[PDB]
Amino acid sequence: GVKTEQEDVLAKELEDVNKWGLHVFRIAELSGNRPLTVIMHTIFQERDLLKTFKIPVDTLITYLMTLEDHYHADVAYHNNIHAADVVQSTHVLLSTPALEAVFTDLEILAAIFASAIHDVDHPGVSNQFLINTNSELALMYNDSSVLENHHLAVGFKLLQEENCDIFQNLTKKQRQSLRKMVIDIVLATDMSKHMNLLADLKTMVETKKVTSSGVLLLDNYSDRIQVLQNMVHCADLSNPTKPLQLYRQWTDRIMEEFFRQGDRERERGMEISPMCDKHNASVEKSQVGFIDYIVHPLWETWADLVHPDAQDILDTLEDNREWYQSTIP
Ligand SMILES: C=CNC(=O)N1CCc2c(sc(NC(=O)Cc3ccccc3)c2C(=O)OC=C)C1
Ligand SMILES: [Zn+2]
Ligand SMILES: [Zn+2]
């Protein structure tokens with residue numbers, strides 16, 4: 001009834017679960033490629049979600065292992081490790097002082113569950129690739145947020161496997177509300193919705209209302225869900241805000257995935273997607289471009305929303321951007 005030594009080392013690494021920059025690749029190794037399951041279980045216990053939602057623990061573990069198994073180990077970036085990273089990052093963002101006591105237990109559950117499922121069964125190619133290949137998925141979803149609709153359908157469908165229904169004790173009211181928020185959050189991870197999400201985030205910063213305890217004031221669903229959508233989108237795009245040793249590992253992985261799509265696009269003979277061309281790419285230029293145009297405007301606006309809780313994260317992003325720039329041949 002006592003941890004093995006490997007379990008002990010894993011447990012000590014998980015003591016950093018509340019911190020930006022968790023060694024998530026080490027946790028994946030230590031856990032035997034179960035980063036999503038162990039991190040989720042840890043967060044659910046830490047936030048007392050099992051008791052609050054009457055979730056039986058064997059059901060939670062069974063579902064988590066099932067969900068984790070439906071991520072593709074042969075996909076370099078969009079895999080269970082990425083899912084675990086987004087979950088843990090969302091967990092840290094939810095704990096930010098500016099949001100203390102703002103969200104209900106069910107909204108917290110929605111943000112974390114949405115994070116866990118948000119990329120499940122990702123084939124490692126883009127929506128546009130699936131559309132252009134006449135793939136079944138694209139036909140199923142009428143070319144519209146193809147992957148994101150799929151991640152949702154899979155994440156929910158897996159609740160129906162043996163001893164997997166972690167929501168079995170929620171009321172119909174709780175379930176309908178949970179399901180709607182989860183759907184709204186995952187559909188918001190489609191990059192084609194990025195400019196719109198950011199627009200609404202800026203608007204909210206402009207009309208920002210704090211309240212009583214120095215805490216953000218969100219008094220309608222539209223506002224509450226937009227903050228959660230943006231929070232998870234930030235987590236999804238948090239790699240360049242992490243310590244450089246982590247960030248670089250993620251960059252390698254996504255470029256591996258992109259270059260592979262590029263190869264398959266050359267094989268087939270389609271015109272090669274942006275920065276997916278292995279032979280004449282600039283990994284460094286692309287990272288600087290992606291940060292200047294997407295990641296920095298997003299995180300800067302988030303930082304404004306929760307000022308100054310996110311200052312250290314933004315500084316790290318800026319340091320990493322300078323590093324990648326300095327490294328341009
Ligand atoms: C015309 C619009 N273009 C886009 O919407 N995309 C093109 C590039 C890109 C993503 S998502 C994503 N990256 C992420 O989603 C998270 C991440 C950021 C930085 C390093 C590793 C991973 C990238 C990217 O990194 O590009 C640079 C190589 C989607
Ligand atoms: Zn995604
Ligand atoms: Zn993702």
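Position 1 is the first residue of the sequence, and the numbers go up from there. Values below: all heavy atoms of this structure, side chains included; hydrogens, waters and symmetry mates excluded. Just follow the structure's listing: the first ligand is 1, and inside any ligand the first atom is 1.
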| Counting only N and O atoms by type, is there a donor-acceptor contact under 3.5 Å from the side chain of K208 to the main-chain atoms of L305? | yes
| request: Restricting to N/O/S, name the atom of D236 that gets closest to the Zn ion (ligand 3). | output: OD1
| task | Just jot down the ligand 1 atoms closer than 4.0 angstrom to any heavy atom of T251, in number order. | result | 20 (C), 21 (C)
| remark: With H151 as partner, the option from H122, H118, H78 fulfilling ring pair (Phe, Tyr, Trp, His ring centres under 6.0 Å) is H122
| query | How open is the angle at the Zn ion (ligand 3) from atom NE2 of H118 over to atom OD2 of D119, rounded to 10 degrees? | reply | 90°
| In terms of residue, atom name and distance, what is the protein heavy atom nearest to atom 17 (C) of ligand 1? | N239 ND2, 3.5 Å
| query | Closest non-hydrogen protein atom to atom 15 (O) of ligand 1, residue and atom name please, with distance? | reply | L237 CD2, 3.4 Å
| field | Electrostatic pair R260-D263, nearest N-O below 4.0 angstrom | value | no
| Hey, is the Zn ion (ligand 3) within less than 2.8 Å of some N/O/S atom on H122? | no
| said: Heavy atoms only, cut-off 4.0 Å: how does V283 contact ligand 1, side chain, backbone, both, or neither? | reply: neither
| message | Is atom 28 (C) of ligand 1 touching the protein, meaning some protein heavy atom lies under 4.0 Å away? | response | yes
| said: Heavy-atom distances under 4.0 Å decide this one: backbone, side chain, both or neither, for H194 against ligand 1? | reply: neither
| Taking 4.0 angstrom as the limit, do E29 and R26 come out as a salt bridge? | yes
| Residues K19, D16; criterion salt bridge (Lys or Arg N to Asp or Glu O under 4.0 Å); working and verdict | CA-CA 5 Å; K19 303 177 179 188; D16 280 347; 3.7 Å; yes
| query | Can a protein heavy atom be found under 4.0 Å away from atom 20 (C) of ligand 1? | reply | yes
| field | Any donor-acceptor N/O pair, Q261 side chain to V125 backbone, under 3.5 Å | value | no
| field | Of the listed options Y247, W250, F290, closest to atom 12 (C) of ligand 1 (non-hydrogen atoms) | value | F290
| said: Within the structure, is a non-hydrogen atom of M255 found at a distance of less than 4.0 Å from ligand 1? | reply: yes
| message | When you compare the side chain of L198 with that of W302, does any pair of heavy atoms fall below 4.5 Å? | response | no
| Is there at least one protein heavy-atom neighbour under 4.0 Å from atom 3 (N) of ligand 1? | no
| request: Could you list which atoms of ligand 1 come closer than 4.0 Å to a heavy atom of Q287? | output: 19 (C), 20 (C), 25 (O), 27 (C), 28 (C)
| task | Rounded to the nearest 0.5 Å, what's the gap from CD1 on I185 to OG1 on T189? Could you check? | result | 10.0 Å
| note | Looking only at protein heavy atoms, what sits closest to atom 5 (O) of ligand 1 is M191 CB, 3.9 Å
| Matching residue for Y77 among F259, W250, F258 - test: ring pair (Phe, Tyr, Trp, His ring centres under 6.0 Å) | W250
| field | For atom 16 (C) of ligand 1, the protein heavy atom that lies nearest, with its residue and separation | value | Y77 OH, 3.4 Å
| remark: Short version for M275: what comes under 4.0 Å of ligand 1, heavy atoms counted, is side chain
| query | Salt bridge check: are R248 and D252 linked by an N-O gap of less than 4.0 Å? | reply | no
| message | Just to check, does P240 reach to within less than 4.0 Å of ligand 1 when the distance is taken from its heavy atoms? | response | yes
| query | Among the clusters formed by ILVMFWY side chains lying less than 4.5 Å apart, do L216 and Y221 turn up in the same one? | reply | yes
